[PDB]
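# Give the three-dimensional model of this entry:
(chains A and B)
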Amino acid sequence: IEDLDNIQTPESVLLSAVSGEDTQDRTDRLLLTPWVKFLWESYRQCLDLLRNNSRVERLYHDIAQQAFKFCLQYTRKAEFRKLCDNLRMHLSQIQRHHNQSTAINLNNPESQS
RNA sequence: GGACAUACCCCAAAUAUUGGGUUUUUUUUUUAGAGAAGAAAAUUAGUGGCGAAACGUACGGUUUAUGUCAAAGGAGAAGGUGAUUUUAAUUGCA
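Numbers count the residues shown, from 1 in each chain, chains lettered A, B, ... in the order given. Sharing the structure here:
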């Protein structure tokens, strides 16, 4: 219906045509953006609090990969946090080890792979 | 000289507007999305007293009679008498 809509500019957008751009972005924000700010949060969610160090967890690096593959389908600013979360939880990793935390060493899976 | 640590200090970022990092001085506590605000506990009665009988009677136990069922023995195990003769005391039977 946006292909059929009044693209032949009315004055209501001729005022708004000094800051923003296409109406496809001005509508999809309203109905699609509420769900991607939920998806991003849900990926930070399961990575942030549930999987720190956690010896028992390959699924961490699964979610991480599947959320990196999510980035180049949709919005991009949820990736700067992605890289910096992976790093900050690596700085959480390599210091103390007082749990069932990852022995970052010769153990090929938990460290290298 | 003023302010500044969750930095008010740096980095970053456009459909992005909030993610990250860093300085000393003392103790301080063993983590950090929780525990509190339920899930079952105390209960006593206005619980009369005393108390039989006719009747009816179970599985049994011991003892006495009874049939039957194993192995045994035909010197046996030993019961029946006027079938016989003379005899004083003992044991006496063939």
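# so does the helix or strand containing residue A:61 get close to RNA strand B?
Element membership for residue A:61, per DSSP states H and E: helix A:59-71. No. Helix A:59-71 does not reach RNA strand B (Cβ under 7 Å from any atom of the strand); its nearest approach is 10.7 Å. (Each C-beta comes from the backbone N, C-alpha and C, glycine too.)
# relative orientation of the helix of greatest length in chain A and helix A:59-71 in degrees?
Taking DSSP state H as the criterion, chain A has its longest helix at helix A:23-45. If you take axes from the mean of the first three to the mean of the last three Cα atoms, to 10 degrees, helix A:23-45 sits at 170 degrees to helix A:59-71.
# quick one: contacts of the helix holding residue A:61?
Residues from elsewhere that reach helix A:59-71, judged by Cβ atoms under 8 Å, 6 or more residues apart in numbering: A:39, A:43, A:46, A:47, A:51, A:54, A:78, A:79, A:82, A:86.
# Can you report how many residues lie near the closest residue to the third one other than its chain neighbours?
Ranked by Cβ to Cβ, 6 or more residues apart in numbering and with sequence neighbours excluded, the top spatial neighbour of residue A:46 is residue A:63, at 5.4 Å. Residue A:63 has 19 neighbours, counted by other Cβ atoms under 10 Å.
# Selecting buried members of the contacts of helix A:59-71 in PyMOL, what would you type?
In PyMOL, a selection of the buried entries from these looks like this (16 or more other Cβ atoms under 10 Å):
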select buried, chain A and resi 43+47+51+78+82
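# Now do residue A:9: how many residues are near it, please.
10.
# The residue lying closest to it once chain neighbours are set aside and RNA strand B, how far apart?
Distance criterion Cβ to Cβ, 6+ apart; nearest residue to residue A:9, sequence neighbours excluded, is residue A:17 at 7.1 Å. Residue A:17 is 11 Å from RNA strand B, where distance means Cβ to the nearest atom of the strand, to the nearest Å.
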